[PDB]
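Undergrad:
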Amino acid sequence: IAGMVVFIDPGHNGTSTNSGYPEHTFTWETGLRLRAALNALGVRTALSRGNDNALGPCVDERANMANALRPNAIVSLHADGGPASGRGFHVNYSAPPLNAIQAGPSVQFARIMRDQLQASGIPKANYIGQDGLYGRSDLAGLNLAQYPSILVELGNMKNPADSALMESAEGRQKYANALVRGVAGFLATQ
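Mapping the sequence shown onto this note's numbering, position 6 (from 1) lands on 6, and the numbers just tick up by one.
(1) Would you kindly check if the distance between the Cβ of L77 and the Cβ of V152 is under 7 Å?
(2) Could you check if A36 belongs to the surroundings of the ligand ZN, using beta carbon to heavy atom distance under 6 Å?
(3) Are the segment 118-134 and the segment 47-61 touching by the rule of at least three beta carbon pairs closer than 8 Å?
(4) In this structure, does DSSP put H24 in helix, strand or coil?
(5) At the level of alpha carbons, what is the spacing between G56 and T27?
(6) Within 8 Å, do at least three Cβ pairs link the segment 155-164 to the segment 80-93?
(7) Going by DSSP, what residues sit across from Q108 in a beta bridge?
(8) In the DSSP assignment, the alpha helix (DSSP H) including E167 goes from what residue to what residue?
(9) Which term fits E29, buried or exposed, when burial requires 16 or more other beta carbons within 10 angstroms of its beta carbon?
(10) Starting from the Cα of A176, find the closest Cα among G121, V107, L98 and give me that residue.
(11) In the DSSP output, which residue or residues are listed as bridge partners for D80?
(12) Starting from the Cα of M65, find the closest Cα among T189, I1, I8 and give me that residue.
(13) Which of the three DSSP states is assigned to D9 in this structure?
(14) At a cut of 8 Å, does the segment 130-137 reach the segment 90-100 through at least three beta carbon pairs?
(15) Using a 10 Å radius around the Cβ and a threshold of 16 neighbouring Cβ atoms, would you call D138 buried or exposed?
Right under this line is the structure:
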């Protein structure tokens, strides 16, 4: 998988934990661990942003960045903010597909990522999607992608258990470890 290219998008503008730990900071730090892990594999990476200031780039500029780079894979990292009883990840992908990449490779990426997140010990969401996957038509960022692309909601920031992982350096590395197995797993198929 060395020499392949991955675009990493730490979610910014589509909540926070109870303690006030922001999504944009969680995704940033976890994104950097994922990047470092990928770099160790000889995988080439780009971030959607270069800092974790209060503002980040718009949905169109990030798409233009991703598409211009022609990555092997695009992975966006987010966290949810729904009912606190809800915990765990779900992997979002474009459906119905708007091109052939979305119809196949992006679905494969989503499936492999789902499998690896569970195996790495991150629980599949109990409150959304099915078995940790969610195909949907409403997200502009997935819809506009022309290369393999998924958007991972790593958990619900309002959930006590997810929050505990998110707020912890060790927890963020565990998410990153899971993520790299998912990314590396998909790249190997390509």
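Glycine included, C-beta positions come from ideal geometry on N, C-alpha and C.
TA: If we stick to the structure as given:
(1) yes
(2) Ligands are entirely absent from the displayed structure, and the ligand ZN is therefore not among its contents.
(3) no
(4) helix
(5) 12 Å
(6) yes
(7) The partner list for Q108 (beta bridge, DSSP) is empty, contrary to what the question assumes.
(8) Segment: none, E167 is in no alpha helix (DSSP H) and carries neither H nor E.
(9) buried
(10) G121
(11) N156
(12) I8
(13) strand
(14) yes
(15) exposed
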